[PDB]
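Don't worry about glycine lacking a Cβ; one is built from the backbone with ideal geometry, like all the others, and counts go over all protein chains shown. Coordinate-derived values only; no laboratory data.
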Amino acid sequence: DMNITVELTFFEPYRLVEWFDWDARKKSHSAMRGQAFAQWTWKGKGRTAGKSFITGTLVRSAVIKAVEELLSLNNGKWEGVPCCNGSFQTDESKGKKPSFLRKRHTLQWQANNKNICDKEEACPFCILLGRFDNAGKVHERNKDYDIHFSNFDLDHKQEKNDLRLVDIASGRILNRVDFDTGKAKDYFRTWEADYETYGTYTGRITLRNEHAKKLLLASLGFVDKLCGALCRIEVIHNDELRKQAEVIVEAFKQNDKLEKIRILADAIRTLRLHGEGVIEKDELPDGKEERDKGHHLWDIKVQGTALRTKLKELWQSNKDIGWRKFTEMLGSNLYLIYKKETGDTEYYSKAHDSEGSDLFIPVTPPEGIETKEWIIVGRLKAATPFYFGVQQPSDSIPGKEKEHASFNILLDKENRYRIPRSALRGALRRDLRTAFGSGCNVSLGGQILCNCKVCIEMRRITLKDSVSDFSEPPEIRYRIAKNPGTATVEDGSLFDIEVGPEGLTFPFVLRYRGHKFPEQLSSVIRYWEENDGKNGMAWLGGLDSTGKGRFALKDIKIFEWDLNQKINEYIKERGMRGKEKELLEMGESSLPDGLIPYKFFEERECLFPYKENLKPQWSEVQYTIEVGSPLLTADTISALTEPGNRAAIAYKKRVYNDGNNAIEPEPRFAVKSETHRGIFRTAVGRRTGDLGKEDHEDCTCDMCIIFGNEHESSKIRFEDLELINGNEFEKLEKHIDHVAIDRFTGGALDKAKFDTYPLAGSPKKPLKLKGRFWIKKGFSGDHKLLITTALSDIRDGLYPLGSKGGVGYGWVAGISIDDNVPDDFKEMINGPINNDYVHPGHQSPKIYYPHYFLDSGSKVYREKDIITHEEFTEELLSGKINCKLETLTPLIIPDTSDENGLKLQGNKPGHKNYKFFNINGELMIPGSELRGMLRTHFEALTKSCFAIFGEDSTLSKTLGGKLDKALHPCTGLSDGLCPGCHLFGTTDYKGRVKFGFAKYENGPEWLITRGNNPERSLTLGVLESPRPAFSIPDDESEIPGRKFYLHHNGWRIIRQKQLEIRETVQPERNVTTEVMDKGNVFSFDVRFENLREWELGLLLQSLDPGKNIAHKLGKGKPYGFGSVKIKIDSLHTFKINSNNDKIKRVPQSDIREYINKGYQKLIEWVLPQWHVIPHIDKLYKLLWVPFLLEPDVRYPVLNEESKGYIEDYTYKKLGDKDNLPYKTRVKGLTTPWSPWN
RNA sequence: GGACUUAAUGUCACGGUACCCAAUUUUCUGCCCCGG
RNA sequence: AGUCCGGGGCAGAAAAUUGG
Ligand SMILES: [Zn+2]
Ligand SMILES: [Zn+2]
Ligand SMILES: [Zn+2]
Ligand SMILES: [Zn+2]
């Protein structure tokens, strides 16, 4: 008669499955999969929006479980009303079994038989079961049930609008992972809903009988499991943005930037990290300061207006959907615009086909025992960034079946990071399995309960979903798949990961309902705890091998309730299900009645199972690296934002303050753990020689076990490499510019200036890089010594951290070990040569021209069979070459980052004030300078090709067509490759030789130039861009060759006529800087790996040409500035085999049996005689230094200079076709020291 | 409240981490000669 | 035939943004 209506208060994302029909359930095994979940209904025939509900039989079963447990904990004394065990058996005559069996450990008593119960004085348990009711199972046909559990429809939130399924349910994927491997054994769909809006259900229950109210109310207040989540029970633009993306893609298409229709989309999606003002306040980075072209991508005129203003207008017209939801949507639209033109297994196992035993299994607790419960709550901090997976992007489509980018992180409808309950439960399962030492892998579909070692405690433990107290867009980490064959990027190798920020805190609960608190839980809770040394090791989440998902549970507080005497207080309070947020900050003085904290908790070093199989599983050892060279991490995509106009910037992490909200304003510069892993993997592969094989799917070599494979999870996992020595520089970030000098004109290419922007760092003050790497307790002695050798290879600087190693960036120079108990791995870790070759150089030993051309004909040889960049080869040499860079003439190397370094701009506005290159206040030399000069020298010596050529040019058109089809630059790696690029390295192939940064640390610091008018500096004559029109004027003449300058003491003229060139003419249109003195001792290194024997000698004596020959460096090369010669200190060589652990150097007997092989090989294309070769003689003639006589070399003037031209030999008489025809002009620029007079 | 949507003497889906391999990267001197 | 002429033109193109 009297009716009860109750509400369902959900405090965790529940589940719901399409109901279909009972007869149609067996058709869809997902139906029996979701019989314990909620249900969904469809109104129309077009699968339109409907309504959701939970079956009344489900809440009936929940009530039955609640009464069974409550009566079992009460020992059958429910306020003096005994209850019988009850009947759970069917098939009395012909079956008629209920739609759901039990297959559960039913709890009963010893006897529990006060009297025989019939349908006259039935027990309250009988009434709740309704065994003696007046209704059957076939159909209702009336309200004849003693107790009725009707539908539980929605709350008031379900207005008559017929809410869409998308607004209430979201598609999701649930996984399962085996122990020994790490691959997803099986995945299946799920429809995890939300508890924010549609988190309440209302249902009506009827109880015709009277002697059942107290137990029913106690059960209703005791149930804590409903649809798969906690519950509290009480009694009561896609079209306009699509068109815009199409328009902008078409505009970029006619803008010839067909390939560039993706890099702007990447940066636009990156804009969600930044605020509205990143595109609204003023603009994206402006770009070139004075080129009158703007930024190479953002200041581009699209549909008339600039791209930095067209998108601003778009934002102004689309402010409705906010910043994040507009930026992400526009990025997805751009991805779709580009992509419009450019198997796994499931396992549900919910069926009765296995068997039909369904045997009753009584389980009676022992008499006199005390059963308690424990709630473990705290904060789950993440000391490392965390990534959580999700189904394919934009493929969720809830309610239907059969952005688009990256591996999206899991976010709720609130659009913030969240740890799914299932992931935390699985991590706990794995950790408890490790603590036990043995168990059974989870196999679904089992009709009988799995009596595993760890499965027993799973029935008695529960935990809830966790959501961030933080809502910001996540950064997008970049990963590449570099081929070990060529150490570069191949097709289909880049992808994106949307990791979160480190330091974020999460709520975390662990409620255990068992007889006694197990020691394994008490050990794993300290294993996760962040103690003084443990620091937490909860590897919860995804990409655990890479280094993401190492949570450290913190601030653990213990509470326990009573189920034997204080059950009714638990019934009243319901265990604070959903109130754990207040429980986090609820102090010791505000505890409710009972619920004393569990005071039997022990310390970390007190439990046996912790020290047996919990902590030994991981042995973290932290090592600090110092680097004496600038470091660059290639964050180019993020460089298309923030002021600076720089095409290459370092990668910066993002951390969250502990105890303080929001991100610190200063980002943490760091090296990605992904590169930390890649360098180690490449090193171990090259030492083992197993890189470059077919695959590692079924392989079991030295690589698959240590670093994982397609099947098994990696047994080594790393962490982010962060820089700790940050606040000790005040100039931590240093700008360095790079150019690609044309080999035909001696100047910059048409469009090749690739400016960079790396960190700072000096050999006397290095960047302290700190990190850690984890080892599991299964590596044998050989593998441990192998990993120590892996560290030792970094100790010798073989592998450069960061990018652009071939210049000298990020050269490690030693690793130190901390005192975090690393003792497991701590224990395991003559005269310089000088060539005597002398060149005569008797072209004019007793008027010249500064730059000469080197014609070498059309004879070109290229090596089709490229030498792979795989594991080190024993016979091919590899090592370092220490050298002394000796300065003869003043050396002029400007730090072009600061155009006002000399602070002379105030006296002369608009005058460039360059400063000498220096890193962290110490004298340095750009590695790229030596790289380029030595590459030019080697290529000209080998006369192979033109490394950099200025194609598509007009000279007095088609300058690239005049050059014959044999000297073209290094094309793809199929038709051939330049021998000069075979060693130095062309595109899509890493060069084996990595140049270094020189550290002088000796000699006079400055060229004082006593008596000079300029103060603590000097001036220099303004230089003009080359005009190759006069170089190759005649159409009949084909092309000149390489451009080489001459060596002379021409700096004396500049140092003498300084006032006549800096004050008389060009008051502002001039460049000035500081130069070096003579006799400056230097030291720089030239590393290499896997070099052929015959190329090593060429490299060595092209480094040191010999006596009376020096290399040209710095500006003012036509003016004679910067004549320097480098002499080898000692050529080293290391042995791959561990037998020869110590490194060796070649004998100092003039480096015997090395250069002669290359000298002999050159004739195909005892002391060496390089003047017996037509082109080497000319090459060495141009580099001859006739000052260690004094020839004078200078540019002539057209008609009359401002101060000079003492007199003939001007640009008219020489330029006239009669007095000096152009036919002999090329001859005069090719023959060294021609007699122009 | 009937009506979309359940049977009732019996659901461990707290019976399952979208978990796994793939180094944002190699290559490039901040260089300098005459032409409407 | 009739005097001035320049001292800044490059300031990144080119290679991958999907495969088991
Ligand atoms: Zn009874
Ligand atoms: Zn088990
Ligand atoms: Zn293998
Ligand atoms: Zn080449």
**Complete:** Looks like the stretch A:1023-1144, by Cα gyration tensor root eigenvalues a ≥ b ≥ c and the a/c under 1.5 rounded cutoff (else prolate when a/b is bigger than b/c, oblate otherwise), is oblate
**Prompt:** Among A:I476, A:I1163, which comes first, second and so on when ranked by fewest other beta-carbon atoms within 10 Å?
**Reply:** A:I1163, A:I476
**Request:** Give me the net charge of A:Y1205's neighbourhood, meaning all other residues with Cβ under 15 Å from the Cβ of A:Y1205; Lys, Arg count +1, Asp, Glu -1.
**Result:** -1
**Hypothetical label at A:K288: residues of the stretch A:740-774 whose amide nitrogen lies under 20 Å (7 Å Cα-Cβ projection)** = A:740-743, A:745-757
**Message:** Please arrange A:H711, A:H296 by how many other C-beta atoms lie within 10 Å of their C-beta, fewest to most.
**Reply:** A:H711, A:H296
**Asked** Between A:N1219 and A:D1150, what is the label-to-label distance in nm when each label sits 7 Å out along the Cα-to-Cβ direction?
**Response** 5.0 nm
**Message:** Given the -39500 (n - 2.57) contribution per DSSP H run of 4+ residues, what per-residue ellipticity at 222 nm results for chain A, rounded to the nearest 500 deg cm²/dmol?
**Reply:** -6000 deg cm²/dmol
**Prompt:** Which entries in the list A:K1117/A:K1142; A:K957/A:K990; A:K880/A:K1115; A:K846/A:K965 go over 32 Å, if you measure between the two C-alpha atoms of each?
**Reply:** A:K1117/A:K1142; A:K957/A:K990; A:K846/A:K965
**Prompt:** Hey, what do the phi angles of the stretch A:170-177 turn into as Karplus ³J(HN,Hα) couplings, whole Hz, using 6.51/-1.76/1.60 and θ = phi - 60°, x for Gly and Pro?
**Reply:** 10, x, 7, 10, 10, 10, 8, 10
**Item:** Amide hydrogen neighbours beyond the local backbone of A:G130, cut-off 5 Å, H modeled
**Value:** none
**Message:** Checking the a/c ratio against 1.5 first, then a/b against b/c, what shape does the Cα gyration tensor give for the stretch A:670-782?
**Reply:** oblate
**Prompt:** At what distance in nm do the modelled label points of A:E210 and A:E1001 sit from each other, each positioned 7 Å from its Cα along Cα→Cβ?
**Reply:** 10.0 nm
**Message:** Roughly how far apart, in whole Å, are the Cα centres of the stretch A:54-107 and the stretch A:719-754?
**Reply:** 75 Å
**Asked** At what distance in angstrom do the alpha carbon centres of the stretch A:802-846 and the stretch A:647-680 lie from each other?
**Response** 30 Å
**Prompt:** Sorted by mean Cβ packing within 10 Å, highest first, what order do the peptides A:264-270, A:1018-1024 take?
**Reply:** A:264-270, A:1018-1024
**Request:** Mind listing the long-range amide H neighbours of A:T181? Cut-off is under 5 Å, sequence gap 5 or more, other chains count too, H placed in the peptide plane at 1.01 Å from N.
**Result:** none
**Message:** Can you compute 3J(HN,Hα) from phi for each residue in the stretch A:738-750, using the Karplus curve 6.51 cos²θ - 1.76 cosθ + 1.60 with θ = phi - 60°, rounded to whole Hz and x for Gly and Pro?
**Reply:** 10, 9, 10, 5, 5, 7, 9, 10, x, x, 5, 5, 4
**Message:** Going by amide H atoms built from the backbone, whose H comes under 5 Å of the H on A:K557, apart from near neighbours?
**Reply:** A:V377
**Prompt:** If each of A:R425 and A:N142 carries a label point 7 Å out from its Cα toward its Cβ, how far apart are those two points in nm?
**Reply:** 4.3 nm
**Item:** By average C-beta atoms within 10 angstrom, highest first, the peptides A:524-532, A:702-710
**Value:** A:524-532, A:702-710
**Least to most buried among A:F495, A:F188, A:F508, A:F946 (fewest other Cβ within 10 Å first)** = A:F495, A:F188, A:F946, A:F508
**Euclidean distance between Cα centres, the stretch A:1117-1154 to the stretch A:500-551, Å** = 53 Å
**Message:** Tell me the net charge near A:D824. Cut-off is 14 Å between Cβ atoms, A:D824 excluded, with +1 for each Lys or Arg and -1 for each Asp or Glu.
**Reply:** +1
**Item:** Directionally averaged shadow of chain A, computed from the convex hull of its alpha-carbon atoms, nm²
**Value:** 58.2 nm²
**Request:** With a ≥ b ≥ c taken as the square roots of the eigenvalues of the C-alpha gyration tensor of the stretch A:238-342, please select rounded if a/c is under 1.5 and otherwise prolate if a/b is larger than b/c or oblate if it is not?
**Result:** oblate
**Fill in**
Stokes-Einstein, Kirkwood over Cα pairs, the stretch A:1-120, 10 °C, 1.306 mPa s; D in µm²/s equals 88 µm²/s
**Request:** Just add up the charged neighbours of A:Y1045: K/R +1, D/E -1, any other residue whose Cβ is under 9 Å from the Cβ of A:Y1045.
**Result:** +3
**Asked** Quick one: if you take sqrt(5λ) for each eigenvalue of the C-alpha gyration tensor of the stretch A:558-712, what semi-axes come out, biggest first, whole angstrom?
**Response** 48, 29, 16
